[PDB]
>>> print(open('run.tsv').read())   # TSV, C-alpha atoms and all ligand atoms
chain	number	residue	atom	x	y	z
A	8	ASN	CA	-22.50	-0.49	-26.18
A	9	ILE	CA	-18.83	0.42	-26.61
A	10	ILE	CA	-15.96	-0.49	-24.27
A	11	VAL	CA	-12.44	0.95	-24.11
A	12	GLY	CA	-9.28	-0.31	-22.42
A	13	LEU	CA	-6.13	1.53	-21.37
A	14	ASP	CA	-3.07	-0.50	-20.34
A	15	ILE	CA	-0.76	2.33	-19.29
A	16	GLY	CA	2.38	0.20	-19.21
A	17	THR	CA	5.89	0.99	-18.04
A	18	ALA	CA	7.17	0.83	-21.64
A	19	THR	CA	4.24	0.87	-24.10
A	20	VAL	CA	0.72	2.26	-23.68
A	21	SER	CA	-1.99	0.07	-25.22
A	22	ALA	CA	-5.54	1.28	-25.87
A	23	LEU	CA	-8.23	-0.99	-27.31
A	24	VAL	CA	-11.84	-0.26	-28.29
A	25	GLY	CA	-14.58	-2.81	-28.88
A	26	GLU	CA	-18.33	-3.23	-29.05
A	27	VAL	CA	-20.41	-5.66	-27.00
A	28	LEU	CA	-22.43	-7.97	-29.23
A	29	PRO	CA	-25.89	-9.08	-28.01
A	30	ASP	CA	-24.74	-12.64	-27.25
A	31	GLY	CA	-21.70	-11.45	-25.31
A	32	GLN	CA	-18.71	-11.94	-27.60
A	33	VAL	CA	-16.73	-8.70	-27.84
A	34	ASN	CA	-15.00	-7.88	-31.13
A	35	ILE	CA	-12.24	-5.27	-31.26
A	36	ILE	CA	-12.89	-2.27	-33.51
A	37	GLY	CA	-9.56	-0.51	-33.14
A	38	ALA	CA	-6.14	-0.80	-31.51
A	39	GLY	CA	-3.59	1.78	-30.40
A	40	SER	CA	-0.02	1.80	-29.11
A	41	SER	CA	2.58	4.39	-28.15
A	42	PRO	CA	5.88	4.37	-26.21
A	43	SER	CA	5.42	5.69	-22.68
A	44	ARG	CA	7.85	8.23	-21.26
A	45	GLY	CA	7.69	9.15	-17.60
A	46	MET	CA	6.88	5.72	-16.15
A	47	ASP	CA	8.68	3.48	-13.68
A	48	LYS	CA	7.56	0.31	-11.89
A	49	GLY	CA	3.99	0.70	-13.10
A	50	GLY	CA	3.68	4.12	-11.46
A	51	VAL	CA	3.88	7.71	-12.66
A	52	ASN	CA	7.32	9.33	-12.69
A	53	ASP	CA	6.88	12.35	-15.01
A	54	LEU	CA	3.23	13.41	-15.24
A	55	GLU	CA	3.53	15.57	-18.35
A	56	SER	CA	5.29	12.83	-20.35
A	57	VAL	CA	2.72	10.11	-19.63
A	58	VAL	CA	-0.17	12.47	-20.46
A	59	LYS	CA	1.27	12.90	-23.96
A	60	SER	CA	1.66	9.12	-24.24
A	61	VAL	CA	-1.94	8.42	-23.22
A	62	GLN	CA	-3.17	10.91	-25.83
A	63	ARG	CA	-0.97	9.34	-28.52
A	64	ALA	CA	-2.67	5.95	-28.12
A	65	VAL	CA	-6.19	7.20	-27.41
A	66	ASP	CA	-6.15	9.44	-30.49
A	67	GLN	CA	-4.89	6.74	-32.86
A	68	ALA	CA	-7.36	4.24	-31.39
A	69	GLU	CA	-10.32	6.64	-31.67
A	70	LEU	CA	-9.29	6.98	-35.35
A	71	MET	CA	-8.88	3.27	-36.08
A	72	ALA	CA	-12.45	2.77	-34.78
A	73	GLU	CA	-14.36	5.72	-36.31
A	74	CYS	CA	-15.79	6.69	-32.93
A	75	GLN	CA	-15.19	9.21	-30.16
A	76	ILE	CA	-13.69	7.93	-26.90
A	77	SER	CA	-15.27	9.25	-23.70
A	78	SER	CA	-14.83	6.68	-20.90
A	79	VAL	CA	-12.04	4.16	-20.34
A	80	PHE	CA	-11.19	1.18	-18.15
A	81	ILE	CA	-7.60	1.57	-16.97
A	82	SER	CA	-5.18	-0.95	-15.52
A	83	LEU	CA	-3.13	-0.54	-12.35
A	84	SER	CA	-0.11	-2.29	-10.86
A	85	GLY	CA	2.80	-1.75	-8.49
A	86	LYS	CA	4.50	-3.24	-5.45
A	87	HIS	CA	1.95	-1.42	-3.28
A	88	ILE	CA	-0.86	-3.74	-4.43
A	89	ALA	CA	-1.86	-6.08	-1.61
A	90	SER	CA	-4.53	-8.72	-1.07
A	91	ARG	CA	-6.67	-9.52	1.97
A	92	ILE	CA	-9.15	-12.30	2.74
A	93	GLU	CA	-12.06	-11.55	5.08
A	94	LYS	CA	-15.06	-13.70	5.98
A	95	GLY	CA	-18.64	-12.54	6.44
A	96	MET	CA	-22.05	-13.79	7.45
A	97	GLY	CA	-25.70	-13.37	6.59
A	98	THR	CA	-29.19	-14.75	7.13
A	99	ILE	CA	-31.10	-16.47	4.33
A	100	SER	CA	-34.57	-14.92	4.36
A	101	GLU	CA	-37.52	-17.17	3.40
A	102	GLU	CA	-35.13	-20.15	3.11
A	103	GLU	CA	-34.06	-19.15	-0.41
A	104	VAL	CA	-30.69	-17.55	-1.15
A	105	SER	CA	-31.86	-14.66	-3.31
A	106	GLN	CA	-29.32	-12.25	-4.79
A	107	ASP	CA	-30.40	-9.67	-2.18
A	108	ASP	CA	-29.20	-12.19	0.40
A	109	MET	CA	-25.91	-12.70	-1.47
A	110	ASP	CA	-24.77	-9.06	-1.52
A	111	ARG	CA	-25.58	-8.60	2.17
A	112	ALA	CA	-23.16	-11.37	3.16
A	113	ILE	CA	-20.52	-9.83	0.88
A	114	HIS	CA	-21.14	-6.38	2.37
A	115	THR	CA	-20.45	-7.72	5.86
A	116	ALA	CA	-17.11	-9.27	4.88
A	117	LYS	CA	-16.25	-6.16	2.85
A	118	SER	CA	-16.83	-3.54	5.58
A	119	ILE	CA	-13.47	-3.26	7.39
A	120	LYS	CA	-11.12	-0.53	8.59
A	121	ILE	CA	-8.16	0.01	6.25
A	122	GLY	CA	-7.31	3.71	6.42
A	123	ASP	CA	-7.00	6.39	3.78
A	124	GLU	CA	-3.68	5.27	2.26
A	125	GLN	CA	-5.42	2.08	1.11
A	126	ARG	CA	-8.02	2.08	-1.67
A	127	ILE	CA	-10.35	-0.85	-2.24
A	128	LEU	CA	-9.97	-2.18	-5.77
A	129	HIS	CA	-11.60	-5.62	-6.06
A	130	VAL	CA	-13.97	-7.66	-3.91
A	131	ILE	CA	-13.89	-11.20	-5.32
A	132	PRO	CA	-16.08	-13.84	-3.61
A	133	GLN	CA	-14.12	-17.09	-3.52
A	134	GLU	CA	-15.99	-20.11	-2.13
A	135	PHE	CA	-19.41	-19.84	-0.46
A	136	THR	CA	-20.76	-21.94	2.41
A	137	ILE	CA	-24.39	-22.76	3.25
A	138	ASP	CA	-24.93	-24.80	6.45
A	139	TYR	CA	-22.13	-27.40	6.60
A	140	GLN	CA	-21.95	-27.28	2.78
A	141	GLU	CA	-18.75	-25.47	1.86
A	142	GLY	CA	-17.06	-24.53	-1.39
A	143	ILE	CA	-20.25	-23.78	-3.32
A	144	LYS	CA	-20.11	-21.53	-6.39
A	145	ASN	CA	-23.15	-19.48	-7.45
A	146	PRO	CA	-25.70	-20.97	-5.01
A	147	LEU	CA	-28.48	-18.80	-6.53
A	148	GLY	CA	-31.37	-21.03	-5.47
A	149	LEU	CA	-30.10	-23.32	-2.70
A	150	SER	CA	-32.43	-23.68	0.29
A	151	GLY	CA	-30.58	-22.91	3.53
A	152	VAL	CA	-30.88	-21.04	6.82
A	153	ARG	CA	-27.63	-19.03	6.93
A	154	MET	CA	-24.56	-18.51	4.77
A	155	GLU	CA	-20.99	-17.31	5.16
A	156	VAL	CA	-18.74	-15.93	2.42
A	157	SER	CA	-14.96	-15.74	2.03
A	158	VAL	CA	-14.32	-12.60	0.00
A	159	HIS	CA	-10.98	-11.74	-1.59
A	160	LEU	CA	-10.02	-8.07	-1.27
A	161	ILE	CA	-7.55	-6.36	-3.62
A	162	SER	CA	-6.23	-3.00	-2.44
A	163	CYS	CA	-3.61	-0.53	-3.65
A	164	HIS	CA	-2.00	2.66	-2.41
A	165	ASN	CA	-4.46	5.49	-2.96
A	166	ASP	CA	-1.98	8.22	-3.95
A	167	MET	CA	-0.33	6.09	-6.64
A	168	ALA	CA	-3.83	5.58	-8.06
A	169	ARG	CA	-4.70	9.29	-8.05
A	170	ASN	CA	-1.72	9.97	-10.34
A	171	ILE	CA	-2.88	7.42	-12.92
A	172	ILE	CA	-6.39	8.87	-12.70
A	173	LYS	CA	-5.05	12.43	-13.04
A	174	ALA	CA	-3.14	11.45	-16.18
A	175	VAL	CA	-6.21	10.04	-17.94
A	176	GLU	CA	-8.52	12.82	-16.73
A	177	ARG	CA	-6.26	15.49	-18.26
A	178	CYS	CA	-7.02	14.07	-21.73
A	179	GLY	CA	-10.77	14.70	-21.48
A	180	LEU	CA	-11.50	11.08	-20.51
A	181	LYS	CA	-13.53	9.72	-17.60
A	182	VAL	CA	-12.28	6.68	-15.71
A	183	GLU	CA	-14.84	3.93	-15.15
A	184	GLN	CA	-12.94	1.61	-12.80
A	185	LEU	CA	-9.38	0.74	-11.85
A	186	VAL	CA	-8.34	-2.86	-12.49
A	187	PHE	CA	-5.38	-4.79	-11.14
A	188	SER	CA	-3.06	-5.58	-14.05
A	189	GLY	CA	-2.48	-9.23	-13.17
A	190	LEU	CA	-6.23	-9.79	-12.84
A	191	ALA	CA	-6.88	-8.58	-16.39
A	192	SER	CA	-3.68	-10.32	-17.54
A	193	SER	CA	-5.29	-13.52	-16.24
A	194	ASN	CA	-8.83	-13.06	-17.57
A	195	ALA	CA	-7.55	-13.04	-21.17
A	196	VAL	CA	-4.97	-15.87	-21.08
A	197	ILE	CA	-6.68	-18.58	-19.00
A	198	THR	CA	-9.32	-21.15	-19.85
A	199	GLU	CA	-12.00	-21.93	-17.27
A	200	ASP	CA	-10.61	-25.47	-17.03
A	201	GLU	CA	-7.16	-24.24	-15.97
A	202	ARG	CA	-8.73	-22.08	-13.26
A	203	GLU	CA	-10.30	-25.05	-11.46
A	204	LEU	CA	-7.17	-27.25	-11.55
A	205	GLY	CA	-4.89	-24.54	-10.19
A	206	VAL	CA	-2.75	-22.00	-12.05
A	207	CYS	CA	-0.17	-19.28	-11.49
A	208	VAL	CA	-0.10	-16.36	-13.95
A	209	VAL	CA	2.58	-13.66	-14.13
A	210	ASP	CA	2.50	-10.52	-16.30
A	211	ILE	CA	6.22	-10.25	-16.95
A	212	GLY	CA	6.72	-6.79	-18.35
A	213	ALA	CA	8.90	-3.69	-18.42
A	214	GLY	CA	8.79	-2.79	-14.74
A	215	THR	CA	6.16	-4.94	-13.02
A	216	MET	CA	5.75	-8.64	-12.17
A	217	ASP	CA	1.99	-9.05	-11.69
A	218	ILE	CA	1.35	-12.44	-10.04
A	219	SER	CA	-2.11	-13.99	-9.63
A	220	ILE	CA	-2.75	-17.41	-8.07
A	221	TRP	CA	-5.90	-19.44	-8.76
A	222	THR	CA	-6.94	-22.73	-7.16
A	223	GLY	CA	-10.37	-24.36	-7.21
A	224	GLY	CA	-11.71	-21.80	-9.67
A	225	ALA	CA	-11.20	-18.80	-7.38
A	226	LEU	CA	-8.52	-16.11	-7.12
A	227	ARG	CA	-6.57	-16.84	-3.93
A	228	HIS	CA	-3.66	-14.38	-3.80
A	229	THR	CA	-2.13	-11.46	-5.70
A	230	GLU	CA	1.40	-10.07	-5.36
A	231	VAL	CA	3.48	-7.71	-7.48
A	232	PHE	CA	7.24	-7.16	-7.76
A	233	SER	CA	9.06	-4.18	-9.25
A	234	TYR	CA	11.95	-6.05	-10.93
A	235	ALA	CA	11.07	-6.94	-14.52
A	236	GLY	CA	12.29	-6.73	-18.11
A	237	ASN	CA	14.01	-3.40	-17.52
A	238	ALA	CA	16.31	-5.16	-15.04
A	239	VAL	CA	17.78	-7.63	-17.54
A	240	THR	CA	17.99	-4.84	-20.13
A	241	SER	CA	20.20	-2.86	-17.73
A	242	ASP	CA	22.29	-5.94	-16.90
A	243	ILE	CA	23.22	-6.30	-20.58
A	244	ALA	CA	24.18	-2.61	-20.78
A	245	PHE	CA	26.08	-2.53	-17.48
A	246	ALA	CA	28.08	-5.70	-18.23
A	247	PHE	CA	29.20	-4.94	-21.81
A	248	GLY	CA	29.61	-1.16	-21.77
A	249	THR	CA	26.83	-0.64	-24.33
A	250	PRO	CA	24.19	2.13	-24.30
A	251	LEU	CA	20.75	1.25	-22.97
A	252	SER	CA	19.19	2.03	-26.35
A	253	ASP	CA	21.41	-0.59	-27.99
A	254	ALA	CA	21.34	-3.07	-25.10
A	255	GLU	CA	17.55	-3.35	-25.45
A	256	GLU	CA	17.81	-4.29	-29.13
A	257	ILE	CA	20.42	-6.97	-28.37
A	258	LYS	CA	18.05	-8.40	-25.76
A	259	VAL	CA	15.02	-8.59	-28.06
A	260	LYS	CA	16.91	-9.89	-31.11
A	261	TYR	CA	19.50	-12.30	-29.66
A	262	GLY	CA	18.50	-12.83	-26.02
A	263	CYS	CA	18.12	-16.31	-24.56
A	264	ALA	CA	16.99	-17.25	-21.06
A	265	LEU	CA	19.25	-20.33	-20.92
A	266	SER	CA	22.99	-20.32	-21.61
A	267	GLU	CA	22.85	-23.79	-23.19
A	268	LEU	CA	20.28	-23.46	-26.00
A	269	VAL	CA	22.64	-21.18	-27.97
A	270	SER	CA	25.53	-22.58	-29.99
A	271	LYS	CA	29.13	-21.51	-29.46
A	272	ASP	CA	29.37	-20.58	-33.17
A	273	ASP	CA	26.83	-17.76	-32.75
A	274	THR	CA	28.00	-14.15	-32.50
A	275	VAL	CA	26.38	-10.75	-32.04
A	276	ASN	CA	27.57	-7.22	-32.80
A	277	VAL	CA	27.49	-5.32	-29.51
A	278	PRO	CA	28.42	-1.63	-29.92
A	279	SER	CA	30.64	0.45	-27.65
A	280	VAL	CA	30.69	3.98	-26.26
A	281	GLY	CA	33.26	6.76	-26.52
A	282	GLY	CA	33.97	6.33	-30.23
A	283	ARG	CA	35.19	2.75	-30.08
A	284	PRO	CA	34.65	0.08	-32.74
A	285	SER	CA	31.71	-2.27	-32.32
A	286	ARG	CA	33.06	-5.60	-31.08
A	287	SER	CA	31.66	-8.94	-32.22
A	288	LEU	CA	30.73	-10.83	-29.06
A	289	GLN	CA	29.71	-14.41	-28.36
A	290	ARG	CA	25.95	-14.96	-28.35
A	291	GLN	CA	26.49	-17.45	-25.52
A	292	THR	CA	28.04	-14.72	-23.35
A	293	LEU	CA	24.91	-12.61	-23.82
A	294	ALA	CA	22.66	-15.44	-22.63
A	295	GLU	CA	25.02	-16.02	-19.68
A	296	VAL	CA	23.93	-12.63	-18.30
A	297	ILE	CA	20.19	-13.02	-19.00
A	298	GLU	CA	19.98	-16.48	-17.40
A	299	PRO	CA	20.79	-15.52	-13.76
A	300	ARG	CA	18.28	-12.66	-13.68
A	301	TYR	CA	15.39	-14.73	-15.04
A	302	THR	CA	16.12	-17.48	-12.50
A	303	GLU	CA	16.07	-14.94	-9.67
A	304	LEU	CA	12.88	-13.37	-11.04
A	305	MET	CA	11.09	-16.72	-11.21
A	306	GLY	CA	12.62	-17.52	-7.83
A	307	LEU	CA	10.47	-14.73	-6.42
A	308	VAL	CA	7.37	-16.34	-7.94
A	309	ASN	CA	8.47	-19.75	-6.65
A	310	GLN	CA	8.96	-18.35	-3.15
A	311	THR	CA	5.55	-16.70	-3.46
A	312	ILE	CA	3.85	-19.93	-4.57
A	313	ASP	CA	5.46	-21.90	-1.74
A	314	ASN	CA	4.43	-19.35	0.90
A	315	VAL	CA	0.89	-19.24	-0.49
A	316	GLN	CA	0.81	-23.03	-0.94
A	317	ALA	CA	1.83	-23.56	2.70
A	318	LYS	CA	-0.74	-21.14	4.14
A	319	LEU	CA	-3.35	-22.63	1.77
A	320	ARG	CA	-3.23	-26.30	2.80
A	321	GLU	CA	-2.88	-25.17	6.44
A	322	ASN	CA	-6.45	-23.80	6.22
A	323	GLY	CA	-8.30	-26.56	4.35
A	324	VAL	CA	-8.70	-25.69	0.67
A	325	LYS	CA	-7.20	-26.74	-2.67
A	326	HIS	CA	-3.48	-25.99	-2.40
A	327	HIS	CA	-1.57	-27.57	-5.30
A	328	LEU	CA	-1.85	-25.68	-8.58
A	329	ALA	CA	-2.29	-28.45	-11.16
A	330	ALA	CA	-2.34	-26.57	-14.48
A	331	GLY	CA	0.99	-24.99	-13.53
A	332	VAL	CA	2.41	-21.56	-14.31
A	333	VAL	CA	1.33	-19.36	-17.23
A	334	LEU	CA	3.74	-16.67	-18.44
A	335	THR	CA	2.60	-13.53	-20.25
A	336	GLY	CA	3.62	-9.97	-21.05
A	337	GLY	CA	6.44	-8.56	-23.12
A	338	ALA	CA	9.54	-9.88	-21.36
A	339	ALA	CA	8.04	-13.39	-21.39
A	340	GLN	CA	8.69	-13.49	-25.16
A	341	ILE	CA	12.45	-14.17	-24.96
A	342	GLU	CA	13.62	-17.48	-26.40
A	343	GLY	CA	13.88	-20.14	-23.70
A	344	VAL	CA	11.66	-18.88	-20.88
A	345	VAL	CA	9.84	-22.23	-20.61
A	346	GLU	CA	13.21	-23.94	-20.17
A	347	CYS	CA	14.58	-21.66	-17.45
A	348	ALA	CA	11.17	-21.63	-15.76
A	349	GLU	CA	10.87	-25.43	-15.68
A	350	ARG	CA	14.21	-25.42	-13.80
A	351	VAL	CA	13.26	-23.01	-11.00
A	352	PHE	CA	9.62	-24.13	-10.97
A	353	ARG	CA	8.38	-27.70	-11.13
A	354	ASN	CA	4.95	-27.02	-12.62
A	355	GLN	CA	3.59	-26.76	-16.16
A	356	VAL	CA	5.01	-23.61	-17.78
A	357	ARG	CA	3.69	-22.03	-20.98
A	358	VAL	CA	3.77	-18.62	-22.64
A	359	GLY	CA	0.02	-18.08	-23.10
A	360	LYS	CA	-1.29	-15.40	-25.46
A	361	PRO	CA	-4.72	-13.73	-25.49
A	362	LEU	CA	-7.51	-16.15	-26.36
A	363	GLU	CA	-10.65	-16.07	-28.52
A	364	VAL	CA	-9.92	-12.57	-29.79
A	365	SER	CA	-12.62	-11.66	-32.33
A	366	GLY	CA	-11.88	-9.45	-35.33
A	367	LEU	CA	-8.75	-7.34	-35.89
A	368	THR	CA	-6.74	-10.27	-34.51
A	369	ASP	CA	-3.36	-9.10	-35.85
A	370	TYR	CA	-2.90	-6.49	-33.09
A	371	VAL	CA	-3.94	-8.69	-30.14
A	372	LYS	CA	-1.84	-11.76	-30.99
A	373	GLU	CA	1.27	-11.34	-28.80
A	374	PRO	CA	1.24	-11.79	-25.00
A	375	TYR	CA	2.13	-8.15	-24.30
A	376	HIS	CA	-1.48	-7.35	-25.31
A	377	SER	CA	-3.07	-9.65	-22.71
A	378	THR	CA	-3.42	-6.96	-20.03
A	379	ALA	CA	-5.12	-4.66	-22.56
A	380	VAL	CA	-7.69	-7.17	-23.82
A	381	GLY	CA	-8.22	-8.32	-20.23
A	382	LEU	CA	-9.52	-4.83	-19.46
A	383	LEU	CA	-12.15	-5.46	-22.14
A	384	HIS	CA	-13.16	-8.78	-20.57
A	385	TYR	CA	-13.56	-7.09	-17.19
A	386	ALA	CA	-15.49	-4.18	-18.69
A	387	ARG	CA	-17.72	-6.62	-20.59
A	388	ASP	CA	-19.18	-7.65	-17.21
A	389	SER	CA	-21.60	-5.35	-15.40
A	401	LIG	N1	11.64	-10.65	-27.88
A	401	LIG	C1	11.83	-10.19	-26.63
A	401	LIG	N2	12.72	-10.82	-25.84
A	401	LIG	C2	12.92	-10.37	-24.60
A	401	LIG	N3	12.33	-9.34	-23.99
A	401	LIG	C3	11.45	-8.73	-24.79
A	401	LIG	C4	11.14	-9.08	-26.10
A	401	LIG	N4	10.19	-8.23	-26.62
A	401	LIG	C5	9.94	-7.39	-25.63
A	401	LIG	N5	10.67	-7.64	-24.50
A	401	LIG	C6	10.63	-6.90	-23.24
A	401	LIG	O1	9.29	-6.74	-22.87
A	401	LIG	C7	9.18	-5.59	-22.00
A	401	LIG	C8	7.90	-4.85	-22.29
A	401	LIG	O2	6.82	-5.55	-21.64
A	401	LIG	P1	5.32	-5.14	-21.87
A	401	LIG	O3	5.21	-4.42	-23.22
A	401	LIG	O4	4.42	-6.30	-21.71
A	401	LIG	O5	5.05	-4.05	-20.74
A	401	LIG	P2	4.05	-2.83	-20.53
A	401	LIG	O6	2.68	-3.15	-20.98
A	401	LIG	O7	4.69	-1.61	-21.17
A	401	LIG	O8	4.12	-2.62	-18.96
A	401	LIG	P3	4.08	-3.48	-17.61
A	401	LIG	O9	5.43	-3.21	-16.94
A	401	LIG	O10	2.97	-2.81	-16.77
A	401	LIG	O11	3.82	-4.91	-17.90
A	401	LIG	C9	10.47	-4.78	-22.18
A	401	LIG	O12	11.24	-4.77	-20.98
A	401	LIG	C10	11.21	-5.49	-23.32
A	401	LIG	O13	12.61	-5.54	-23.10
A	402	MG	MG	1.29	-4.40	-18.43
>>> encode(input="run.tsv", output="structure tokens", more="lines below")
Ligand SMILES: Nc1ncnc2c1ncn2[C@@H]1O[C@H](COP(=O)(O)OP(=O)(O)OP(=O)(O)O)[C@@H](O)[C@H]1O
Ligand SMILES: [Mg+2]
Amino acid sequence: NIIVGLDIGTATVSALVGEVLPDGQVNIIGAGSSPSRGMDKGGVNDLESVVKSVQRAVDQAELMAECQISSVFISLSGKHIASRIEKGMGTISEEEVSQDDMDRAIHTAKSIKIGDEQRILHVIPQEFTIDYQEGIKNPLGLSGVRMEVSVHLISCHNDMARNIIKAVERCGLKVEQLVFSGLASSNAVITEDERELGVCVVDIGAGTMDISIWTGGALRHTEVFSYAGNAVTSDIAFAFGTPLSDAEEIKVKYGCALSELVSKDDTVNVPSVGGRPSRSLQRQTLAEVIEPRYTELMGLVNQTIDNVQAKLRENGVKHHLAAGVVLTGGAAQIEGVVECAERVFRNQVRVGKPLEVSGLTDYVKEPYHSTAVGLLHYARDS
């Protein structure tokens, strides 16, 4: 009937509500945003401050939709998120692969020993195989005698998840499921065509770099880094002697990811501390600090793609991501990301926004909303 998201981000908390229409298309009924205090690297850092932030967005969203919120789908990220790939097996009773046969094979590959510190988050079947026929998708009706699956397992640190759950539960809400941020950030920015050719998505944000790699129409790997937009924000402050509050504004209003797209005759007013006059500083100099960090950040994604690409072809599956890299999130909005990305990467870079948003489209237009609407796409499926 009604579905609710909750992207508890490192900087802003987004909360969307929508209703499932009979055909399937979900239209958004109400949005909600609020700055988040007490957050760092996608994890909880001050429990009482994030609880107030979650209530700020959930109350304004319950009001913009004329309905009471009771259950939510929440996102989750952090360096602790890890991915595993495990194979399984199963018999095909009465030579027809019924759905009861399909979950048994998944159950076998899913049942492993991980420990208590690890919490299972996603079990994503990649490519099936049915008697010398490999790489089949949805074989619901293929006559065979036995089948093996290659499930993709997403796991996260359990304790860091309990904190996020505790925050939402203290507002009278019930959590439905935890969702990896980059997975939702990919479900709402990608077209099915791009998935099959091969793509790399990255939720560039305040404190998290949520990477998801897709080849052959299946999620292959997921990795997260803790250096994000808050790193370049600090670099501006620490290099010019300007307060963090002011250094953020200079980043959003005059920041450039390449120190050659800005003209020498451009200047910015960077303030000072102590009671000093605000100096007028070259706009090129500002971009000269943002450029090295973005290159290093994308260098981590490049090193991740290469390590996944190597171990991918070495096992016999689609390895080269054709559609390229898709950038999203807040810190992907700076002028010149596609230019500095195309230098460190050598694949198709774009700054994809949420797609096919229905109704109330003015609040789900910018890429920093992708993770939020992606929670709706995931919740739409059951
Ligand atoms: N125009 C802009 N140019 C450069 N950076 C920007 C711009 N607008 C926003 N940002 C950066 O985007 C970041 C916020 O990202 P975003 O809102 O997507 O994160 P979030 O949802 O709060 O959390 P998460 O860390 O989990 O992605 C901030 O670090 C901010 O500096
Ligand atoms: Mg986010």
>>> residues_near_ligand(input="run.tsv", ligand="ligand MG 402 (chain A)", cutoff="6 Å", atoms="all atoms listed in the file", output="PyMOL selection string")
chain A and resi 16+212+378
>>> residues_near_ligand(input="run.tsv", ligand="ligand LIG 401 (chain A)", cutoff="8 Å", atoms="only C-alpha atoms and all ligand atoms", output="mmCIF file with C-alpha atoms, keeping the file's coordinate frame")
data_model
loop_
_atom_site.group_PDB
_atom_site.id
_atom_site.type_symbol
_atom_site.label_atom_id
_atom_site.label_comp_id
_atom_site.auth_asym_id
_atom_site.auth_seq_id
_atom_site.Cartn_x
_atom_site.Cartn_y
_atom_site.Cartn_z
ATOM 1 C CA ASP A 14 -3.070 -0.500 -20.340
ATOM 2 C CA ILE A 15 -0.760 2.330 -19.290
ATOM 3 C CA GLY A 16 2.380 0.200 -19.210
ATOM 4 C CA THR A 17 5.890 0.990 -18.040
ATOM 5 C CA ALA A 18 7.170 0.830 -21.640
ATOM 6 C CA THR A 19 4.240 0.870 -24.100
ATOM 7 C CA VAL A 20 0.720 2.260 -23.680
ATOM 8 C CA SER A 21 -1.990 0.070 -25.220
ATOM 9 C CA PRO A 42 5.880 4.370 -26.210
ATOM 10 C CA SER A 43 5.420 5.690 -22.680
ATOM 11 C CA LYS A 48 7.560 0.310 -11.890
ATOM 12 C CA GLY A 49 3.990 0.700 -13.100
ATOM 13 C CA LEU A 83 -3.130 -0.540 -12.350
ATOM 14 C CA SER A 84 -0.110 -2.290 -10.860
ATOM 15 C CA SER A 188 -3.060 -5.580 -14.050
ATOM 16 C CA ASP A 210 2.500 -10.520 -16.300
ATOM 17 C CA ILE A 211 6.220 -10.250 -16.950
ATOM 18 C CA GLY A 212 6.720 -6.790 -18.350
ATOM 19 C CA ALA A 213 8.900 -3.690 -18.420
ATOM 20 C CA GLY A 214 8.790 -2.790 -14.740
ATOM 21 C CA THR A 215 6.160 -4.940 -13.020
ATOM 22 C CA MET A 216 5.750 -8.640 -12.170
ATOM 23 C CA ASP A 217 1.990 -9.050 -11.690
ATOM 24 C CA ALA A 235 11.070 -6.940 -14.520
ATOM 25 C CA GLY A 236 12.290 -6.730 -18.110
ATOM 26 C CA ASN A 237 14.010 -3.400 -17.520
ATOM 27 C CA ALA A 238 16.310 -5.160 -15.040
ATOM 28 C CA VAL A 239 17.780 -7.630 -17.540
ATOM 29 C CA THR A 240 17.990 -4.840 -20.130
ATOM 30 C CA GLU A 255 17.550 -3.350 -25.450
ATOM 31 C CA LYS A 258 18.050 -8.400 -25.760
ATOM 32 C CA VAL A 259 15.020 -8.590 -28.060
ATOM 33 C CA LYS A 260 16.910 -9.890 -31.110
ATOM 34 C CA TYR A 261 19.500 -12.300 -29.660
ATOM 35 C CA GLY A 262 18.500 -12.830 -26.020
ATOM 36 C CA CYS A 263 18.120 -16.310 -24.560
ATOM 37 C CA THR A 335 2.600 -13.530 -20.250
ATOM 38 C CA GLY A 336 3.620 -9.970 -21.050
ATOM 39 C CA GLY A 337 6.440 -8.560 -23.120
ATOM 40 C CA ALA A 338 9.540 -9.880 -21.360
ATOM 41 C CA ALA A 339 8.040 -13.390 -21.390
ATOM 42 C CA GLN A 340 8.690 -13.490 -25.160
ATOM 43 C CA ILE A 341 12.450 -14.170 -24.960
ATOM 44 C CA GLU A 342 13.620 -17.480 -26.400
ATOM 45 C CA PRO A 374 1.240 -11.790 -25.000
ATOM 46 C CA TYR A 375 2.130 -8.150 -24.300
ATOM 47 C CA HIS A 376 -1.480 -7.350 -25.310
ATOM 48 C CA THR A 378 -3.420 -6.960 -20.030
#
>>> closest_atom_pairs(input="run.tsv", of="region 117-218 of chain A", to="region 70-80 of chain A", cutoff="8 Å", atoms="only C-alpha atoms", output="Markdown table")
| residue | atom | partner | partner_atom | distance |
| --- | --- | --- | --- | --- |
| A:179 | CA | A:77 | CA | 7.4 |
| A:180 | CA | A:77 | CA | 5.3 |
| A:181 | CA | A:78 | CA | 4.7 |
| A:182 | CA | A:79 | CA | 5.3 |
| A:183 | CA | A:80 | CA | 5.5 |
| A:184 | CA | A:80 | CA | 5.6 |
| A:185 | CA | A:80 | CA | 6.6 |
| A:186 | CA | A:80 | CA | 7.5 |
>>> write_last_selection(input="run.tsv", atoms="C-alpha atoms", output="short mmCIF file (atom, residue, chain, number, x, y, z; two decimals), in the frame of the given file")
data_model
loop_
_atom_site.label_atom_id
_atom_site.label_comp_id
_atom_site.auth_asym_id
_atom_site.auth_seq_id
_atom_site.Cartn_x
_atom_site.Cartn_y
_atom_site.Cartn_z
CA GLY A 179 -10.77 14.70 -21.48
CA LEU A 180 -11.50 11.08 -20.51
CA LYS A 181 -13.53 9.72 -17.60
CA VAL A 182 -12.28 6.68 -15.71
CA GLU A 183 -14.84 3.93 -15.15
CA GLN A 184 -12.94 1.61 -12.80
CA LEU A 185 -9.38 0.74 -11.85
CA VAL A 186 -8.34 -2.86 -12.49
#
